[PDB]
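Scroll down for the structure; my scribbles are underneath it.
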Amino acid sequence: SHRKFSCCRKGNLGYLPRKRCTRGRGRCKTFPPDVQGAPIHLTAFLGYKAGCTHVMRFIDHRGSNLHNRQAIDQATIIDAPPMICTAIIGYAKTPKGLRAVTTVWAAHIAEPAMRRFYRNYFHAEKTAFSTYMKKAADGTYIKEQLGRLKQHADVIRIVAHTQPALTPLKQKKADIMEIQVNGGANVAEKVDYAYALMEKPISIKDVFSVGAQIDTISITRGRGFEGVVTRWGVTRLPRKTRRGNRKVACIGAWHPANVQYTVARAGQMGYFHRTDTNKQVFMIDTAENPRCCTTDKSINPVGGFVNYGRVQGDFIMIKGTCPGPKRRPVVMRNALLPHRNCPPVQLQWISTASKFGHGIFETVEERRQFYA
Amino acid sequence: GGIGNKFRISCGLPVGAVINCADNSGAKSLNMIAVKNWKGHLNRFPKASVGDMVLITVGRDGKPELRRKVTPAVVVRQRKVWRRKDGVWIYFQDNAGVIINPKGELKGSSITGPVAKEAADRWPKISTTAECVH
Amino acid sequence: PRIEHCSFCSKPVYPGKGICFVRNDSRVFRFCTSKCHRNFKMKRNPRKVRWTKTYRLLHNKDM
RNA sequence: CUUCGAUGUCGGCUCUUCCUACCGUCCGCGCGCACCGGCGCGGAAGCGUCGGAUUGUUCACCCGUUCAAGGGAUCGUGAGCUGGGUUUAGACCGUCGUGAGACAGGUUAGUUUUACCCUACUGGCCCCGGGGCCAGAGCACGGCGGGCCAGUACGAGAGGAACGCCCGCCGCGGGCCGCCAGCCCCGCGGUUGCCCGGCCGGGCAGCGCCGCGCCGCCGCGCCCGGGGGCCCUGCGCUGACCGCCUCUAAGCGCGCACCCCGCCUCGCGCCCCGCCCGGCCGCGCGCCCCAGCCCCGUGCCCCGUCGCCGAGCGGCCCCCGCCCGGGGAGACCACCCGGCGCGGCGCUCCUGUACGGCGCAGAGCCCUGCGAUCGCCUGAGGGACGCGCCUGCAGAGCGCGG
RNA sequence: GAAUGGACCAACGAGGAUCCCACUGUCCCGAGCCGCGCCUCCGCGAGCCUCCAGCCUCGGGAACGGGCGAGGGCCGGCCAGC
RNA sequence: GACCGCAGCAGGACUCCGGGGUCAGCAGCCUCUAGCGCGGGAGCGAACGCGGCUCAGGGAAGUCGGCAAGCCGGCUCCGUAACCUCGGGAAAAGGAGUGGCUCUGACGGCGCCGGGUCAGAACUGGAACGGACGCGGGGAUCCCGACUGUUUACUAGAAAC
């Protein structure tokens with residue numbers, strides 16, 4: 001017989017399997033559309049979630065009540081130290097999909113990249129690229145291989161490496177990420193632009209703009225084995241249920257005679273790859289600038305970013321939230337399709353008070369005067 | 001009869017709540033029968049926020065004419081804290097409401113105590129009648 | 001920026017932080033934190049809580 | 001008919017799926033379609049079909065609201081639950097019976113046993129570089145309103161649209177923690193009884209109790225969800241058969257909340273590169289069109305049957321550590337990191353002003369003896385699992401694979 | 001329907017009903033926590049079941065099959081859940 | 001602590017003697033004497049379970065039904081209705097106070113020495129006091145049985161006897 005009372009299924013089945021992510025960090029999966037003859041630009045950047053602050057903004061959205069009004073909105077700081085470009089991969093679109101022609105690496109790769117290539121750098125034999133550095137550094141090899149990319153590739157990407165030494169992270173190995181070069185008049189314009197960046201730092205200020213929307217891509221916070229009520233959102237049964245109230249009471253009907261994939265079951269909650277899309281960039285700035293958040297106030301919270309560190313160097317504040325806990329790597333891409341009706345940013349205040357405890361002082365100097 | 005597109009605020013008064021009278025209409029306490037504009041979900045008690053028109057019945061405390069009838073009302077004060085988009089988190093000492101027709105006219109001449117801006121913006125008569133918008 | 005003072009604590013509350021409470025008397029009492037608020041609701045005099053400005057002013061400590 | 005050496009027996013709760021004989025939303029077309037509405041029809045199962053009073057009830061009925069289709073899954077759903085219904089033994093009442101008892105009349109009280117196996121499902125694992133690419137599999141945004149249009153078309157009035165654009169909301173989905181609530185592992189304060197002789201500081205009352213509370217979880221908070229393709233049901237275009245007419249028979253256009261694809265979630269394999277750059281194998285390329293079919297209705301017909309070099313192309317195989325310590329990760333593993341860490345020092349925050357000394361405080365008693373409390377030193381003391389530092393001890397196997 | 005006792009409830013009741021006030025995680029709508037179990041390890045170690053076998057969809061058949069017909073899946077071995 | 005139940009089984013077994021403190025208490029909580037460290041230990045801090053906590057706003061809307069939980073509670077003083085067999089109801093319902101100090105009063109034997117209860121007042125402490133503990137939620141009615149009693153050991157404590 002029927003359920004008797006219409007109610008939706010609890011859960012999205014396009015986020016199945018709900019398994020711990022096998023991919024090491026957030027991966028981009030897809031990249032923004034190439035677009036012919038656009039201005040040449042880099043599609044993504046890798047960053048590390050630092051914290052959240054809350055900003056006062058003047059909202060110019062006509063038709064909203066908050067038009068010419070003031071709003072306090074949550075914003076997430078993601079630390080983005082410059083990334084060294086180390087290689088240039090070209091992919092030819094073929095009947096079988098994009099198949100890489102070749103990846104040409106720089107004559108000198110920095111130690112953080114090499115560290116990624118070995119499990120323990122100290123006990124490693126350190127043989128990676130040993131013959132390649134000799135074959136390269138003559139100049140001729142790179143050009144002949146780059147020529148192969150110009151003739152037989154359509155999708156040129158730059159392989160970049162984050163610098164973990166400029167971060168409060170304990171990593172010491174560079175996250176290596178491919179970033180697509182989009183907007184070239186010809187393929188040869190993209191490879192030539194890439195060669196200018198080879199072995200050289202790329203910064204968020206060049207990659208993104210304030211007011212633009214970005215798709216954060218990251219692995220989420222993990223809660224381990226979790227029950228159906230927490231994992232899928234099923235209703236706890238009445239308090240008198242023998243065997244407990246924290247379960248789905250019927251996992252199916254007599255027919256079909258096997259439990260279905262759509263029936264909620266206990267298992268891993270958290271540590272799943274998720275992309276958050278259409279998040280507008282409130283600001284891109286450097287923590288070396290003493291007045292970045294002053295409208296002296298620099299980006300460092302008084303007391304420091306809880307569970308993160310010092311955010312030294314370049315940072316980007318996106319509006320809203322990003323998947324993942326603090327410290328976690330987040331790949332950030334140009335929005336695939338952006339929310340057209342988003343108001344332009346007018347930050348009038350950024351909170352710099354302690355997020356460790358309930359601080360009432362924006363700066364350490366204010367606290368020093370208060371406690372005279 | 002509400003004027004404008006309200007931004008969503010936390011609803012602290014579910015069905016069964018007995019909100020107090022904020023008017024001299026003669027009711028002392030109003031029980032919340034139901035909430036207007038409500039498409040619910042299974043098992044979810046209808047819930048209401050300040051500035052939201054609700055259907056109420058007046059208890060034995062009220063004058064006899066007011067009693068025994070489902071009457072329209074607007075919640076003008078809620079104990080539950082709610083966040084205006086400006087970031088202010090505001091709450092009032094008591095949960096109270098004004099008997100009003102859906103058109104907007106109010107049964108009682110006077111409104112007592114502070115009344116939330118959410119009620120006053122949505123319903124103009126509430127703004128004029130209430131002494132304070134807080 | 002723009003600030004308000006706790007009605008109980010009298011310490012400045014920066015934008016976006018705190019709760020505001022509207023009394024039946026029609027007074028509005030902005031509160032710094034749940035501690036600034038719970039002390040008031042429990043009817044504990046601010047002039048007897050040492051951290052509160054009213055005690056510091058009473059002892060001559062602040063003004 | 002099949003089950004009586006047993007297939008647990010109604011409704012509810014919880015949960016998934018499925019159907020269309022479609023109520024609303026979508027697309028057309030028809031009305032006794034002015035508009036608003038209603039109403040009939042074809043396609044359409046994506047979403048929605050809710051909160052309650054009485055009843056064990058499905059149903060019924062009524063109240064309400066974003067106004068509320070119908071069903072299937074062993075009359076879906078008991079080693080899931082409930083026992084309210086039903087159907088044992090106690091007991092009433094009415095009827096019936098000489099009686100024992102009966103009731104397909106009412107009433108009340110009445111053990112709901114078992115997974116550690118197999119399968120399925122859900123996650124987890126079976127050492128083997130970094131980046132990626134895509135077979136297959138999953139799949140997710142609907143509904144409602146406000147504003148401008150517009151008191152406009154339309155109605156000779158009452159009334160009263162629309163496309164578009166914009167803003168919100170509901171229900172859902174995926175996250176998050178800046179705020180604001182919850183919670184607090186051993187923080188700080190208060191206090192009761194008993195104990196450590198009193199004070200200080202403790203312990204016990206299985207966290208004695210109460211007030212706050214950090215990191216972290218969390219919702220009651222916050223953020224995010226704007227697209228393409230072929231096309232039904234059809235409406236049209238040119239246009240016949242059928243000396244006409246005609247959306248159709250050739251030909252063509254547009255076309256649905258449906259479907260397929262994208263985005264998203266998983267991903268066997270493969271790819272490129274790095275280390276390494278080594279073997280092994282195969283021997284063979286015009287294209288179109290069939291109412292021009294441009295000269296056809298052949299050819300190959302021997303992969304050993306004598307063919308096997310090289311060249312060039314197309315392949316194929318090879319190849320790549322753990323223990324240990326921490327985590328932002330965890331049942332175990334795995335993952336992600338790694339000369340950790342341990343102890344200090346600052347900063348920040350948490351509590352709320354430490355012990356002691358002092359006094360021109362103190363109801364007093366009385367006697368320079370006691371006295372709860374009080375102010376001062378004292379935003380003090382204590383505390384920290386966050387941030388910065390290391391000035392101190394430390395810290396990378398000659399352990400096992402290779 | 002009147003000692004197969006009729007009507008009547010003061011006081012009593014682990015009796016059967018309906019309501020009201022206070023009260024609350026009963027619920028909306030769940031969340032955080034503390035123990036102990038679980039889980040992993042060292043040592044000990046059973047029960048109950050059991051023709052075999054151990055993935056499905058449809059068909060036909062004691063009319064509802066794991067084996068049979070025809071399709072569609074599936075290295076093999078385990079763990080915690082259910 | 002060896003009995004009797006499969007056993008060296010949270011099952012069942014009749015007595016005697018019975019300190020202190022808080023207290024009305026042979027209650028609860030803590031202890032002196034005496035006894036004493038229970039079919040083992042380690043690690044971890046998943047789900048789920050069991051034993052407990054706490055929860056914003058609402059307050060039974062949940063459910064067959066308020067099941068379970070919560071609320072109330074000690075003492076002192078006020079203040080108590082309908083009904084009623086005049087005995088009750090009744091702790092009705094409903095209030096208020098309560099600590100620590102510093103002192104006052106009263107109450108006896110009769111040179112002088114008890115007693116620990118009762119009042120009354122200052123003065124104090126984040127607006128706090130039965131501070132743990134122990135410890136009625138109340139009310140309006142309906143049925144049935146007058147009551148206290150008894151009952152199917154091992155599913156019916158009832159209106160049955």
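Naming scheme: A, B, ... for chains in displayed order of the structure tokens; residues 1 onward per chain; ligands 1 onward as shown.
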
* To do: Can you check which residues of chain C have any atom within 6 Å of chain B? Use only C-alpha atoms and format it as number ranges by chain.
  => C: 16, 19-24, 26

Pull C-alpha atoms from the residues just selected and write them as a tab-separated table (two decimals), in the first residue's frame.
chain	number	residue	atom	x	y	z
C	16	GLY	CA	28.13	42.49	14.45
C	19	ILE	CA	22.38	40.82	21.46
C	20	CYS	CA	19.87	43.72	21.89
C	21	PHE	CA	16.90	43.24	24.28
C	22	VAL	CA	13.75	45.39	24.22
C	23	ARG	CA	12.17	45.83	27.66
C	24	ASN	CA	8.38	46.20	28.22
C	26	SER	CA	10.31	50.45	26.15

* Identify every residue of chain F that has at least one atom within 9 Å of any atom of chain A, counting only C-alpha atoms (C1' of nucleotides), and report the result as a ChimeraX atom specification. => /F:46-49,62,67-68

* Asked: Between atom CA of residue A:151 and atom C1' of residue D:312, what is the spacing in Å?
  ->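 Here the two named atoms are 22.1 Å from each other.
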
* Expressed in Å to a single decimal, how great is the separation between atom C1' of residue D:30 and atom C1' of residue D:256? ->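 It comes out at 19.2 Å.
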
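Note that the spacing between atom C1' of residue E:60 and atom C1' of residue D:72 amounts to 24.3 Å.
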
Distance table requested - chain E against chain A, cut-off 12 Å, only C-alpha atoms (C1' of nucleotides): one row per qualifying residue with the closest atom pair and its distance in Å to one decimal, ordered by chain and rising residue number, as CSV.
residue,atom,partner,partner_atom,distance
E:25,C1',A:239,CA,9.6
E:26,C1',A:239,CA,8.3
E:27,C1',A:238,CA,9.4
E:28,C1',A:235,CA,11.8
E:29,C1',A:235,CA,8.7
E:30,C1',A:236,CA,8.3
E:31,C1',A:230,CA,10.1
E:55,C1',A:258,CA,9.9
E:56,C1',A:258,CA,9.4
E:57,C1',A:256,CA,10.5
E:64,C1',A:255,CA,10.4
E:80,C1',A:225,CA,9.5
E:81,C1',A:266,CA,6.7
E:82,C1',A:265,CA,7.7

* To do: With a distance threshold of 12 Å and counting only C-alpha atoms (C1' of nucleotides), extract the residues of chain F near chain B and express them as an MDAnalysis selection string.
  => chainID F and resid 56:62

May I have the selected residues written with C-alpha atoms (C1' of nucleotides), as a PDB file, in the first residue's frame?
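Result written to out-v2.pdb:
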ATOM      1  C1'   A F  56      17.214  28.357  22.753  1.00  0.00           C
ATOM      2  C1'   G F  57      11.802  29.775  21.364  1.00  0.00           C
ATOM      3  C1'   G F  58       7.224  27.181  22.061  1.00  0.00           C
ATOM      4  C1'   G F  59       4.769  24.053  25.709  1.00  0.00           C
ATOM      5  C1'   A F  60       1.455  17.540  24.632  1.00  0.00           C
ATOM      6  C1'   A F  61       0.907  20.649  18.749  1.00  0.00           C
ATOM      7  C1'   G F  62       3.695  13.938  20.121  1.00  0.00           C
TER       8        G F  62
END

Each residue of stretch 1-49 of chain A lying at most 6 Å from stretch 67-78 of chain A should get a row with its shortest atom-to-atom pair and the distance in Å to one decimal, counting only C-alpha atoms; could you produce that, ordered by chain and increasing number, as a tab-separated table?
residue	atom	partner	partner_atom	distance
A:47	CA	A:78	CA	5.8
A:48	CA	A:78	CA	5.3
A:49	CA	A:78	CA	4.3

* chain B residues near chain A (9 Å cut-off, only C-alpha atoms) as a PyMOL selection string -> chain B and resi 4-7+41-42+84-88

Can you write out the residues you just picked, keeping N, CA and C atoms, as a compact mmCIF listing (two decimals), in the first residue's frame?
# COMPACT_ATOMS: atom_id res chain seq x y z
N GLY B 4 5.43 44.41 1.23
CA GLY B 4 6.87 44.23 0.98
C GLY B 4 7.36 42.80 1.05
N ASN B 5 8.60 42.59 0.64
CA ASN B 5 9.21 41.24 0.68
C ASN B 5 10.09 41.21 1.92
N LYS B 6 9.61 40.59 2.98
CA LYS B 6 10.37 40.49 4.23
C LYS B 6 11.56 39.56 4.03
N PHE B 7 12.68 39.84 4.69
CA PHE B 7 13.82 38.89 4.67
C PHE B 7 13.48 37.86 5.74
N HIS B 41 5.71 20.92 5.88
CA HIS B 41 6.34 19.65 5.48
C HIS B 41 5.79 18.67 6.49
N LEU B 42 5.94 17.38 6.24
CA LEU B 42 5.29 16.41 7.14
C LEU B 42 5.81 16.59 8.55
N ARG B 84 18.76 40.45 12.17
CA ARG B 84 18.41 41.25 10.99
C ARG B 84 19.64 41.16 10.09
N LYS B 85 19.50 41.38 8.79
CA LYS B 85 20.64 41.22 7.86
C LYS B 85 21.71 42.26 8.19
N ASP B 86 21.36 43.31 8.94
CA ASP B 86 22.33 44.35 9.37
C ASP B 86 23.24 43.73 10.42
N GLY B 87 22.89 42.55 10.92
CA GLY B 87 23.73 41.82 11.88
C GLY B 87 23.24 41.95 13.30
N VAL B 88 22.30 42.86 13.54
CA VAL B 88 21.73 43.02 14.90
C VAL B 88 20.99 41.74 15.27
